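Structure, as structure tokens:
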Amino acid sequence: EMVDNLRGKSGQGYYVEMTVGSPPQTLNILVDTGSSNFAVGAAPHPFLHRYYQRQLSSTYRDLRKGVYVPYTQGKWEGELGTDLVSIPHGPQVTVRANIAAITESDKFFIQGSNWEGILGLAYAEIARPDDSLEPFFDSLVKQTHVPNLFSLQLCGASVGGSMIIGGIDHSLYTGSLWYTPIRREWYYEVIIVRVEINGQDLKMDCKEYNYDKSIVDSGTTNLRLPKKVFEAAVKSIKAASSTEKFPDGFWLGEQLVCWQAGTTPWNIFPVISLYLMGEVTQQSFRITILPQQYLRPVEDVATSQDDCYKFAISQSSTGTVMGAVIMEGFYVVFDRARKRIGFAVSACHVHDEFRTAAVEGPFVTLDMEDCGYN
Ligand SMILES: CCc1cn2c3c(cc(C(=O)N[C@@H](Cc4ccccc4)[C@H](O)CNCc4cccc(C(F)(F)F)c4)cc13)N(C)S(=O)(=O)CC2
């Protein structure tokens with residue numbers, strides 16, 4: 001019943017069906033582990049197929065307080081209230097939850113996207129206007145018997161996946177689940193201890209990988225890297241792929257790269273390995289990212305004599321973001337109860353006949369350094 005409860009469009013997030021209000025109003029809601037506010041369109045907008053109509057809900061309560069949330073991409077403002085909320089293809093429960101009713105927005109809603117709101121699944125510490133605004137998942141756990149854990153299987157124009165609330169579905173992964181500690185409960189903050197491209201260590205002090213934090217963020221498309229790390233990674237991927245020369249704009253995500261249909265030279269692009277801090281001192285495991293993940297297909301019938309891609313690795317001034325292109329093809333367990341994130345190869349894993357995405361360990365390092373930036 002919870003399997004295949006996510007849909008989406010490539011590059012535009014993954015969403016789950018929800019209802020708000022009494023009687024229930026059905027909305028599609030983007031699943032975002034990178035923020036902590038539940039917010040829904042609540043006024044007409046050119047890109048909204050539908051919106052929350054507070055006047056039609058008998059259970060709506062105005063909190064008489066406005067709220068503004070600026071993401072990396074897009075921003076919105078709205079009015080806080082509470083109302084009853086369900087998830088038709090999740091646990092059969094009804095929870096009263098905080099809801100920001102979006103009345104104004106800028107570059108938030110996406111033309112043709114199919115979602116009308118966002119579900120911030122991270123912790124209260126980053127909720128706006130402040131941490132007293134209890135996030136949705138906290139309310140769900142407090143009000144029901146749902147275990148304090150959820151798991152995401154994001155699959156690679158239309159895409160799909162599963163959000164399993166309150167548990168782990170073993171049919172969605174193979175091999176072992178490897179856990180990395182949640183360093184601080186605000187974002188889902190983790191620690192990267194090593195980065196390799198084409199098996200070659202980037203050779204930086206490991207704190208650079210976590211400047212100034214590293215997070216797991218289903219609401220962000222790309223792998224985003226601190227400038228120093230980004231520049232080193234791009235240099236190494238360029239070197240690996242030097243049999244072909246792409247315009248500088250491709251590497252900056254400003255331009256597509258296109259090949260005749262069916263002829264994408266996957267083999268010239270390297271595998272990227274991200275080593276995550278283990279649960280035991282100086283131990284780690286790695287997740288390996290194939291080019292089928294970090295070259296994001298851009299669907300466009302106009303260009304359809306070709307396969308065209310955007311480089312889905314980009315620069316960040318706010319730390320590492322392991323976004324959707326990293327999560328796709330892994331089964332990712334947000335084990336809040338035990339303050340850890342689990343990774344396993346998912347049933348929808350990425351692979352060709354030569355290489356496959358992997359989650360593998362353990363690895364040991366002799367270096368005693370804490371890789372946390374703070
Ligand atoms: C999913 C649309 C999309 C496409 N991109 C990008 C993008 C960043 C976001 C992003 O900011 N995602 C938000 C949620 C979201 C926003 C707009 C549309 C859909 C989803 C995440 O919440 C960001 N998580 C970290 C963060 C940053 C600032 C403030 C907050 C907080 F906590 F909400 F205040 C969280 C979405 C997106 N990048 C700039 S990018 O490098 O991945 C390339 C393109």
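As a basis for the values below, the full set of heavy atoms in this structure was taken, side chains included, without hydrogen atoms, waters or symmetry mates. Note that ligands are numbered from 1 as they come in the structure, with each ligand's atoms numbered from 1 the same way. In this chain, numbering begins with 1 at the start of the sequence shown.
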Q.
Please confirm whether the ring centroid of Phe285 lies under 6.0 Å from the ring centroid of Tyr275.
A.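 No, the ring of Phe285 stays outside the 6.0 Å limit from the ring of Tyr275, centre to centre.
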
Q: Return yes if a side-chain donor-acceptor contact under 3.5 Å exists between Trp259 and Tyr309, otherwise no.
A: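 The criterion, which ignores hydrogens and geometry beyond distance, is not satisfied for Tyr309 and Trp259.
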
Q. Taking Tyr188 as the fixed residue, which of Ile182, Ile215, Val332 is the one that meets the side chain to side chain contact (heavy atoms under 4.5 Å, CB included) rule?
A.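 With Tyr188 as partner, side chain to side chain contact (heavy atoms under 4.5 Å, CB included) holds for just one option, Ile182.
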
Q.
Distance check, rounded to the nearest 0.5 Å: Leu252 atom CG versus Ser314 atom OG?
A.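 It is 10.0 Å, given to the nearest 0.5 Å.
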
Q: Would you please classify the geometry between the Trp251 ring and the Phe311 ring as parallel, tilted or perpendicular, with 30° and 60° separating the classes?
A: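 If you compare the ring of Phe311 with that of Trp251, the planes turn out perpendicular.
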
Q | Proximal protein residues to ligand 1, non-hydrogen atoms under 4.0 angstrom | A |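 Shell around ligand 1 (4.0 Å, heavy atoms): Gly11, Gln12, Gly13, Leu30, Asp32, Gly34, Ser35, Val69, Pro70, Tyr71, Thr72, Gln73, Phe108, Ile110, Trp115, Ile118, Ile126, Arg128, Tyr187, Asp217, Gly219, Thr220, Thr221, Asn222, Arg224, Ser314.
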
Q. Are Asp83 and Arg61 within salt-bridge range, i.e. N to O under 4.0 Å?
A.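 No.
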
